[PDB]
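Residue numbers (the entry's author numbering), protein chains in the order written: chain C, 2 to 158; chain B, 2 to 158; chain A, 2 to 158; chain D, 2 to 158; chain E, 2 to 158; chain F, 2 to 158. Yeah, the Cβ is synthetic: ideal placement off N, Cα and C, and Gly gets one too. Have a look at the structure below before the remarks.
6 protein chains.
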Amino acid sequence: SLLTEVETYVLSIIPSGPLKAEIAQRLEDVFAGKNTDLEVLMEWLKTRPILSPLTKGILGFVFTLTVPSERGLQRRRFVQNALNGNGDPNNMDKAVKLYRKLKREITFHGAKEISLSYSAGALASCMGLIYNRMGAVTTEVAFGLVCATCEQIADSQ
Amino acid sequence: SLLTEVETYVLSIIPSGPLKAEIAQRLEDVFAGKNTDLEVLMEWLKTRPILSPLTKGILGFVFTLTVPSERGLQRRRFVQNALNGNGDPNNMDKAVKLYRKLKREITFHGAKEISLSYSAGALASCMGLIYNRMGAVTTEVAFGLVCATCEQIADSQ
Amino acid sequence: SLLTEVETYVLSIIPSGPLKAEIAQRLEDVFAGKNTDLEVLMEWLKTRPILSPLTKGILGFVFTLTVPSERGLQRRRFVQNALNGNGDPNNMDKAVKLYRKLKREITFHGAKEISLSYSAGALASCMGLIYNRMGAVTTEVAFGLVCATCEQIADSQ
Amino acid sequence: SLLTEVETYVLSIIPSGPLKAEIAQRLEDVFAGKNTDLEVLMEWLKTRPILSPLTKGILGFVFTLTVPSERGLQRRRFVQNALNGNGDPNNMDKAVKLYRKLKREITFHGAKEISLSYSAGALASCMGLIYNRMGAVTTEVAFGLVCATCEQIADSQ
Amino acid sequence: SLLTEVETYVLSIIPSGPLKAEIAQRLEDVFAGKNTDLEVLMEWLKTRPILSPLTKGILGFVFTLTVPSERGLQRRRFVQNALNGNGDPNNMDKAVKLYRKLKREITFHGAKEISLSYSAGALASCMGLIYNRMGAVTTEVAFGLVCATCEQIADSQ
Amino acid sequence: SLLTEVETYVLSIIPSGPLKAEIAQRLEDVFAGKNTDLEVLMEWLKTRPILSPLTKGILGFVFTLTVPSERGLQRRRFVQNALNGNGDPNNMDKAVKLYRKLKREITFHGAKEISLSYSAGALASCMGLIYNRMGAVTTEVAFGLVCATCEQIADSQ
C-alpha cells in the first residue's frame, strides 16, 4: 500500500506527543478522500507550535500533492522557505541533478530508489524545486521523493 | 476469460483504498454490459484525486475501447497527455515500431506477447498512438496492449 | 451433426459474457428452423457493442447462408468490410486460390480440410469473396470454410 | 530419431538458465507440428537478451527450415548477419567449397559427415550461404549442416 | 554453466560485506532474465561507496553486455575511465594485441584461454577497448575476457 | 576480507580506553555503508583529546577515502599537517619514490607489499602526498598504504 508508506515515513519524523496524534488523523483523512480544504489545512500547519519548519514544509508539500482542492491557490511562502532551506550552495547543486533524474521517472519506487542516494539536505532542496513546479514530475515520483527525504531525516537522528 | 484478465491487470496498478473499490465496481459494470455513458465516466475519472495521470489515461483508454457509447465523442486531452506522456524522444520511436507490429495482429494474446518486449514507457507511448486512431487495430489487440502496459508498470514497483 | 459443428466453432471465437449467451440462443433458433428475419437479425448484429467486426462478419455470413429468408435483400456493407478485412495484398491472393479450390468441392468436410491449410486472414478474405457471390459454392462448402476460419482464429488466441 | 538429434545439438550450445527452457519448449512445439508462426517466433528470437547473435542465427535458420509457414516472408537480416558472421576472408572460401559438396547430398548423415571436416566458422559461413537460397539443398542436408555446426561450436567451449 | 562462471569470477574480486550480497543479488537477477533497466543499475553502481573504480568498470561492462535494454544509451564515462585505467603506455600496447586476437574468436573458452596470457592491467585495458565498441567481438568472447580479467585480479591479492 | 584488515590495522595503533571503543564503532559504521557525514566525523576527530595528531591524520585519511559523501569538501589542514608530518627532508624523498610506485599499482596487496619496504615516517609522508590528490591512486592501493603505515607504526612501539 503506497499511501500507508507515505504516512509511516512522514509520521516517523514527528516527535511524540498530542500534536503528532492530530497530524496522524489529518493525514489519515486526506488519504481517505475525506474531502479537505487545502487553505484551512495549511493555515493550521503554518500555526502549529513545536513543529520544525522543515516538517511543516514536508507536510505542506504532501497536502499540496494530494487533496489538490487548490482552485488557483498560490504557493505558500512558508513551505518554499522551509524547503529551499533558504540558502546553502552545493546541496542545491545536487538538488538540481536529482530533479533531472526524477523528471525521467514515473513510478513511486523508481523515484524513491534513486532519491535515496542523496542526503536529507539535498532531498529537501529537491522537494523545494518540485514545489515551485508541482507538475514537473508525476504524483507518484513526488511521493517517492517525500519518503526518501523522510527516511534520510529520521536516520539523521 | 479475457475481460477478467484486463480487469485484474488494470486493478493491479491502482493502490489500495476506497477509490480502488469504486474503480473495481465501474470496471465490473462496463464489462458486464451494464450500459454506461462514456461522457459521465470520463468526467468522473478526470476528477478523481490521488489517481496518477497515467492510470487515468489507461482507464480512459479502456472505457473508450469498450462501452463505445461514444456518439461522435471527441478524444479527451487528459487521456492523450497522460498517454503521450508528453515528451520523451526515443521511447516514442519504440512506440511507433510496436504500433507497426500490432497492426498486423488480430488477437489478444498475439498482441500481448509481442508487447511484453517493450518497457512501460514505450508501451504507454504506444497506447497514446492507438488512442489517436482507435480503429488502427482490433479491439482484442488493443486489450492485449493494455495488459502488457499494466504488467510492465506493476513490475516497475 | 453438421450444424452442431458450426455452432461450436462459431461460439468458440466469442468471448464469455451475457452477449455470448444471446448469440448462442439466436444461432440455436436459426439452426432449428425457428423461422427468422434476416433483416432483423442483421440490424441486431450490426449494433452489438464489444463484438469484433470480424466476428460480426462471420455471424452475418452464417445467417445469410442459412435462414435465407432474404427476399432480394442486398449484401450488408458491414459484413463485406469486416470480411474483406479492408485491405491487405497477398492474403487476398491466397484467398483467390482457395476460392478456386472450394468451387470444385461439394461437401462440408472436403471444403473444411483444404481450407485448414490457410491462415485466418486468408480464410476471412476468402469468406469475403464468397459473400460477394454466395451461390459460387454449395452451402456445405461455405459452412466448411466458416469452421476452418473459426478454428484458425481461436487458435490465434 | 532425426529431429531429436537437431534438438539436442541445438540446445547444447545454449547456456543454462530460464531462457534455455523457453527455447527447449518452442523447439519442441515446432518439431511437433504444433503449428507456429515464423514471423512471431523470429521477432521473439531477435529480441532475446543474452543470446549470442550466432545462436539466434542458428535458431532462425532452423525455424526457417521447418515450420515453413513463411508465405512470401523475406530473409531476416539479423539471421544473415549472424551467419555470414559479417566478414572474414578465407573461411568464406571453405564455406563455398562445402556448399558445393552439400549440393550433391540428399541425406542428413551424408551432409553431417562431410560437414564435420570444417571449423565452426566455416560451417556457420556455409549456413549463411544456404540461408540466402534455402532451396539450394534438401531439408535433410541443411539439418545435417546445422548439427555439425553446433557440434563444432560446443567443442569450441 | 557459463553464466555461473562469470558470476563466480566477478564476485571473487569483491570484498566481503553487505555490499557484496547486494551485488550477488543484482547479478543473479540480470542473469535470470529478470528484466532490468541499465540506466538504473549503472546509477546505482556509480554511486556505491567502497567499491573500487575498477570493479565498477568490470560490473558496468558486464551489465552493458547482458541486459542490453540500452535503447540508444551512451557509454558511461565512469566505466571507460576505470577500464582505460586512464593512462599507462605499454600495457595499452598489449591490450591492442589482445583485442586483435579476440576479434578472431567466437567462443567463451577460446577467448578466456588466450586472455589468460596477459596481466590484469592489460586485460582491463583490453576491456576498455572493447567497451568503446561492444560489437567488436561476440558476447561470449567478451565474457571470456571478463573472467580472465577477474582471475588475474583475484590472483593479484 | 579487505575492510576487516584496514579496521584491525587502524585500531592497532590506538591505545586502549573508551575513546578506542568509540573509534571502533564509527569505523564499523562507515565500513558498513551506514551512511555518514564526512564533515561531522572530521570535526569529531579533530576535537578528540589524547589522540595523537598522526592517528587523526590516518583516520581522517581513511574516512576521506571511504564514505566519500564529500560534496566539494576541501582538504582538512589538520589532516595534511599530521600527515606531511610538517617538515623532515629525506623521508619526503622516499615518500615521492613510493608515490611513484603506488601509481603503477591497482590492488590492495600489491600496494601493501611494496609499501612495507619503507619506514613509518616515509609511509606517513606518502599518505600526505596522496591526500593532496586522492585520485592519484586507486582506493585499493590507498588502503594498502594505510595498513602498511599502521603496521610499521605499531611495530615502532
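- By the 16-neighbour rule on beta-carbons within 10 angstroms, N91/F is exposed.
- Against chain E, a Cβ distance below 8 Å from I115/C picks out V41, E44.
- For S157/B, the CB contacts under 7 Å within the same chain, skipping 5 residues up- and downstream, are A121 in chain order.
- One Cα belongs to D94/B, the other to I24/D, and the distance between them is close to 29 Å.
- Under a 10 Å Cβ-count criterion, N85/C is classified as buried, with 16 or more other Cβ atoms of the shown protein chains found around its own Cβ.
- Comparing alpha carbon positions, the residue from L20/A, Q26/A, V31/A, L42/A closest to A33/B is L20/A.
- By the beta-carbon neighbour count (other beta carbons within 10 angstroms, threshold 16), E114/E is exposed.
- DSSP, read as helix, strand or coil, puts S53/D in coil.
- With contacts defined by Cβ atoms closer than 8 Å, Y132/E and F62/E form a contacting pair.
- Chain A has a Cβ within less than 8 Å of the Cβ of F109/B.
- Residue-level contact check: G34/D does not touch chain A, since none of the beta carbons of chain A fall below 8 Å from its beta carbon.
- In this structure, the CA atom of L52/C is about 13 Å from the CA atom of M43/C.
- A check of alpha carbon separations from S126/F across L4/F, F109/F, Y100/F identifies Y100/F as the nearest.
- DSSP places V97/B in the uninterrupted alpha helix (DSSP H) bounded by 92 to 103.
- Ranking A137/F, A143/F, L124/F by CA distance to the CA of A155/F puts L124/F first.
- As the crow flies, the alpha-carbon of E40/B is around 23 Å from that of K47/A.
- Secondary structure remark: continuous alpha helix (DSSP H) runs of at least 4 residues inside the region 16 to 60 of chain E, in chain order: 19 to 31, 39 to 47.
- Under the three-state reduction of DSSP output, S13/B falls in the helix class.
- One thing to note: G136/A has its Cβ no nearer than 8 Å to the Cβ of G111/A.
- What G73/D touches in chain A, judged by beta-carbon distance under 7 Å, is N91, going in chain order.
- Listed along the chain, the chain E residues whose CB falls inside 9 Å of the CB of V68/F are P50, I51.
- Apart from the 5 residues on each side of it in sequence, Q26/D has no Cβ closer than 8 Å to any other Cβ in its chain.
- Non-local C-beta neighbours of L66/C in its own chain, meaning closer than 8 Å and more than five positions away in sequence, comprise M135, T140, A143, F144, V147, ordered along the chain.
- Proximity to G88/F across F109/F, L130/F, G73/F, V68/F peaks at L130/F, based on C-alpha coordinates.
- Chain order gives no chain E residues near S157/C, where near means a beta carbon separation below 7 Å; the closest approach is about 18 Å.
- Looking at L3/C, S13/C, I15/C, the one whose alpha-carbon comes closest to that of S17/B is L3/C.
- Under the 8 Å criterion on CB atoms, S2/B is classed as interfacial with respect to chain A.
- The beta-carbon of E141/B is placed less than 8 Å from the nearest beta-carbon of chain A.
- Less than 8 Å divides the Cβ of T150/F from the Cβ of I59/F.
- At least one C-beta of chain F is nearer than 8 Å to the C-beta of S17/E.
- The three-state reading of DSSP puts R78/F in helix, counting H, G and I together.
- At least 8 Å separates the CB of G88/D from every CB of chain E.
- With a 10 Å radius around the Cβ and a threshold of 16 neighbouring Cβ atoms, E106/E comes out buried.
- Within the same chain, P54, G58 come within 8 Å of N82/C by CB-CB distance, once the 5 residues on both sides are set aside.
- Taken in chain order, the region 126 to 150 of chain A contains no complete alpha helix (DSSP H) segment of 4 residues or longer.
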